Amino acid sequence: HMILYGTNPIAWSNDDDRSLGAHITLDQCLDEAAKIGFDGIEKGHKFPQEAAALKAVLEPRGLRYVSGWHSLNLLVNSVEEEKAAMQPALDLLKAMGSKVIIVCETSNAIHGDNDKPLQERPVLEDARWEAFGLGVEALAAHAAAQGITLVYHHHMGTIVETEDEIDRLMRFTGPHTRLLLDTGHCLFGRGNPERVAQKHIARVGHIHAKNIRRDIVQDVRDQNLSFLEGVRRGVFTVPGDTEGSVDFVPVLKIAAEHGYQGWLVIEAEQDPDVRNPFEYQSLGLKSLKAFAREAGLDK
C-alpha cells in the first residue's frame, strides 16, 4: 500500500497526563487498534522500548511501528548532546523498520504543564531562529545518514505553533528536515491547514489527521486554559466528527497532487472515559479513508 493508516495511543492512555486512560492496558489499546483496521501505531508511554519486546506485542496484532515522538533540547544543549540523545530512538526505529522520527523542541514547552495557560507559551526570539533551524537540520542530516527521516512536529505550547513560525522553521531548515503536518495543531494555532500544505507539501514527510471541536477551542482561548485542560474538555476529536472543524479533503487533495507517500495517522487526545477510543478511532479511520479516496490520495 502506498498510503498507510496509523493511529496514536494517546487516544487510549494520555502521555502528558497519566491520569487520562491510566487504567487502559497496552494490551487493550493494541487489541482495539488492530481490530479497528489500522496498519500501525505510533509510540506511547506504555510501549516497550526494546526491539524484541516491542516486536513481541506489535507483530501478533499485525501492527507496524509507525514512529515515536522524540523530544529535542537544541535551545540549551549542544548539537552533539542532541545527536547522542536521539540515537537510542534512531536505533529502535531501524530495528523496527520505521522510516520516520518525530521531533519537537520541548526544552521550554508548556503543553505538559497543567498550571500554565496556553497564552503563556514560549516565543523564540527573532535572532535565534537561524541557529535553531541550523541545529534542527543537523539532526535531520544525521538521521538521514541512517535511513531515518526527521519530521518536525509543530505543536501548541512550543516555539513552533503559529503558521508564521511553521514558515520560519521551513525557511531556516532543509533539505533533510521535513515537516509533520498536524492538521489539529495547525488550526488550533490559528493557522490554515490547507494553506500550510500548499506552501510546504513537498517538505511534508508525515501527516497527523487530527480534528478540533471549534466550541472547545474557543473556550480555551476565552478562559485561558492550559493545553491539558483543553484536552480534557475535548479540544481534539477525529476525522468525520460533526463537532469538528478541520476540512480534511483539501489538505489530502494537495497531498495527492504532489504524490505524497507514507502514513496518515489519526492522533486524537481525548478523555477516554467520556470519548470512547474504540468508537472515536473507528469513526476516524472510516472517515479518513473516505476523505483520502475522495481526495485521490488513496487510489
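The first residue of the sequence shown is number 1, and the count goes up from there.
- Comparing the deposited coordinates for 261-269 and 231-239, the stretch with the larger average C-alpha B-factor is 261-269.
- Taking the PDB entry as given, 125-133 carries the higher mean Cα B factor of the two stretches 125-133 and 203-211.
- Remark: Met2 belongs to the highest third of its chain, ranked by C-alpha B-factor as recorded.
- Annotation for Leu179: CA B-factor lies in the lowest third of the chain's modelled residues.
- Remark: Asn73 belongs to the middle third of its chain, ranked by C-alpha B-factor as recorded.
- Ranked against the other modelled residues of its chain, the C-alpha B-factor of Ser107 as given in the entry falls in the highest third.
- In this PDB entry, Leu20 carries a Cα temperature factor that places it within the middle third of its chain's modelled residues.
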